[PDB]
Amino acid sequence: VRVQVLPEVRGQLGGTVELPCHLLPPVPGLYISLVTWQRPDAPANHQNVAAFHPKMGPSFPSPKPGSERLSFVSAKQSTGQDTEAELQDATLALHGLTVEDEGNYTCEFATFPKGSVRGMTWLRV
């Protein structure tokens, strides 16, 4: 029913920083169709920094920061006969932090039937 994030996170330059994001609480009848992380203040070509699909897993559309410097801490694709996807914890990790990484990050859950729900975090160094 909402998106829990930290309003502000100070990362340590050159290291790894995590941006927490959780869709709370677990709601039956509510489906997470996709998760995206966006930098709203970046141009369109650099805006979508990460996405996660229940079946197809993670992607990192923008070259910056790019797949090389990003990972989903807890999100997992569905697999096997019975193992279901877990996207409720969409926490993102940035690695080799640089000043270029500074700015607003938006964590969005594209859900049905409720639609898009988001939380925003300011990452600073």
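Here the rigid core means the biggest group of C-alpha atoms that line up within 1.5 Å when the two forms are laid on top of each other. Residue numbers here begin at 1 and follow the sequence given.
In a rigid core superposition of the other structures in 5 other deposited structures of this protein, 83-91 and 34-42 differ in how far their CA atoms stray, and the farther one is 83-91. Greater C-alpha displacement in 5 other deposited structures of this protein (rigid core superposition, RMS over structures and residues), of 56-64 versus 43-51: 43-51. Between 23-31 and 73-81, it is 23-31 that carries the larger average Cα temperature factor according to the deposited entry.
When the C-alpha B-factors of 40-48 and 56-64 are averaged, 40-48 comes out higher.
Looking at the C-alpha B-factors along this chain, the one for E100 belongs to the highest third. Looking at the C-alpha B-factors along this chain, the one for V17 belongs to the lowest third.
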